[PDB]
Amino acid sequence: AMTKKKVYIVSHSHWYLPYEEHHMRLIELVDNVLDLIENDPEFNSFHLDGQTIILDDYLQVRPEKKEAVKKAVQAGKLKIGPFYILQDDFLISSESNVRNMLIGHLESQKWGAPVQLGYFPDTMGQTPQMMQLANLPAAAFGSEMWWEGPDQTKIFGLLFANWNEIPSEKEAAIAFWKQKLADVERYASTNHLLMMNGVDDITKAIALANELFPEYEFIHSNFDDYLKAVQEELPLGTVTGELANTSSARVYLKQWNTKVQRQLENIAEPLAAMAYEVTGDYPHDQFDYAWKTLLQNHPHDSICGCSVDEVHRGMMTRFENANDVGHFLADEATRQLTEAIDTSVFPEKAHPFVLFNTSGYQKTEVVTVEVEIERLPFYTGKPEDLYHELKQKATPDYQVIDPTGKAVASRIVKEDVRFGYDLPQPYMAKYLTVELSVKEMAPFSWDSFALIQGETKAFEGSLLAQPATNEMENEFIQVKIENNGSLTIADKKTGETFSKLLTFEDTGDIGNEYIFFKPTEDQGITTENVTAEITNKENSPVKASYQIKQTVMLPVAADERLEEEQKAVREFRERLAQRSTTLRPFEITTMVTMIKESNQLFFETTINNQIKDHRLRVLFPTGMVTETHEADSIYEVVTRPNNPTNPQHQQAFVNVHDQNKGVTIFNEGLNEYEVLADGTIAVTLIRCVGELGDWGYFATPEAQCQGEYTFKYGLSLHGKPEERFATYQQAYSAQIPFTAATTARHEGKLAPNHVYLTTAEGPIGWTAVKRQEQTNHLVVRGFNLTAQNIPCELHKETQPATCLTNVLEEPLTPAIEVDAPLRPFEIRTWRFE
């Protein structure tokens, strides 16, 4: 007395090397897949690995086969998508993940492919909500359970595991199958058994398998079918929410990635989206191209910096290209936008310019704007003489004014004289850089100003810094730079004080691109007993800044042993190498900057890294010992607990807080952090290492990160827990500069001051503003930082939003009202028609 079981054999690809070498092999794999599809009528389907890009890469080498490809996708014999590319998810932005799915989706429609499950063959809490917002209610992970995200959004999930190996003989196969079957049924919760078939003669072998077992039916199948079958008979089983040394391998790739992400998501996209109002066009196709290029840097063996030298050089080009497209589109957008602004309101002879808050946040910053002050075309004289004319010429004092004509406090930072050229004409031009203080400027808005000859209206009030003691202060905070060059800070509003901040710490690293490993006898070097050179560089009533220089004596490299232990592939934990006894001076140079209207401190650290096998972090002792901390993640701030080390991955910031106080450290492209047991927040600036690691020996000398680096990060203190979120918002806003463009005096359709979107206040992450693909509907997306139901209402000009959509920009199932509170941890998208 038994019960029958169905075994679903699903064929799929299961497969260090330079890009092209893997690309040529791809061509071969897809050749064979397609050879079976055409030849073997019994062959159900093949699973094309969760990513559409594989067709692109295939067809760019082999375009004649497009017809064969369309056919097999249309007959459901090739199963493609739903992502564009398989992404190293933790490492990239919130939006990059979404955009992967958006592109993946649209590319699947282009093929007439129906939606496949999300596919995760190798390796973030909001995945459940994200998938559902992309209509992927099932996903497969490399036996079956639900996975719920922070929003109580739930997804069905498969734990599959691959357990030509199949024999051609009856006696062998019987035992073979009996054994694989036991392995499958151990974990299975139904009588529907998944059996993955990896590739790199199955109809024959399946039919043998059906001959052999009366209680087992063996069928060549696919995920779609197996999902429908298994879900109807499911009993049990839930997983909830959510090595990090890949976060700090090859920093410069992380820095670049951050930069182009922010260039597309926060600059180019919102500006184009506004420019459409005037122009009636939106460059959908170019954006799509920019994003693909960027996303090609996003796999699980590329952005991690955890591969071979040639591959990462390749990523550098892709980064520059997408960045250049980003800049191009943003430039077009602002030129179209400023041209339409009515600047006739400035007097004759004035030099107008426009500031855009292109983020969703109240922005406060002392900003600089470079304004062209005189221009000499090459047709006026010999260029060298034009240069010297302007360079010799003495410069009038200048005033900035608003549209009403009132004066606006400012400061002239710098004069420059240089060569330039326009469209659509070469010249010499003279430029001024003007400092302006911008305070709580409204999200998604612009203001116009003009530079006019006259007496500069000086900033007024106390100097922020007092250089005699290396101190500075505003209403929010008071700062002392110690002889150390470390900072002691007082929160003027909570009374909490903090000490030893900004200490730098260097240790050896003899691990590899994947993992950090400190030589067994290494105690580390620190700037705690270093004598800093401290200089006040700027002091005004609105902004002050200090330069801190430190020389530490660092080992030049690991000693001689390392290269041998790498060559012998000696396991990293067993390594006897130590820091070298040859020491050289290592210069660390930090700018600490403070502005009147903000509690944030900004740091810029610069090094010229000419030493190897090491790691440099900056520490922020917190004074609070807790079990948990908070880190920025994916559409989410996650609570985590704090191999003796505990490296972790962060986005914009990490936070440690009490019932009474908190410290928020934010960063651009500095993705690894540790929170030490004493409460120190240690951010990794740079990790230098000689090999790839893993299963063999692959020298990666370029992973040593030699050369000049500048790291941007910062600090914010808060009081009672609730104040956390404002610090998080500012951290986002800090990564998004104002855009500044000059224009001529001209009349226009548009106001010189305007709020394009008026946004709801409260703990919300503002994330995308763009337009929809054939529709051109304005798309805006944001997310709830909190576990609470939050009043949220968006307007564009007067106008309210049409509907709420999902991440593919389609209306929600069911229809939630635009008017409705933003649910806990909700990722919301608005459509504006």
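We number the residues from 1 along the sequence you see.
In this entry, is the chain continuous from residue 123 to residue 124, or are deposited residues missing in between (none, 1 to 3, 4 to 9, 10 or more)?
1 to 3 residues are missing.
Once you work out the mean C-alpha B-factor for both 679-687 and 244-252 from the entry, which is higher?
Per the deposited B-factors, the answer is 244-252.
Averaged over C-alpha atoms, is the B-factor higher for 650-658 or for 435-443 in this PDB entry?
Between 435-443 and 650-658, it is 435-443 that shows the higher mean C-alpha B-factor.
Just grab whichever of 636, 482, 288, 277 has the top CA B-factor as deposited.
When the deposited C-alpha B-factors of 636, 482, 288, 277 are compared, 277 is largest.
Member of 259, 186, 612, 549 with the greatest C-alpha B factor (per the PDB record):
186 has the highest C-alpha B-factor of those listed.
Where does the C-alpha B-factor of residue 718 rank in its chain, lowest, middle or highest third?
Answer is lowest: the recorded C-alpha B-factor places it there.
State the tercile, meaning the lowest, middle or highest third, of residue 282 with respect to the CA B-factors recorded for its chain.
Its C-alpha B-factor, which the entry lists for residue 282, ranks in the middle third among residues of this chain.
Among the chain's modelled residues, which third holds the C-alpha B-factor of residue 50?
Middle third by C-alpha B-factor.
Give the position of residue 738 by CA B-factor within its chain, expressed as the lowest, middle or highest third.
Its C-alpha B-factor belongs to the middle third of this chain's values.
Assigned third (lowest, middle, highest) for the C-alpha B factor of residue 798
For residue 798, the deposited C-alpha B-factor lands in the highest third.
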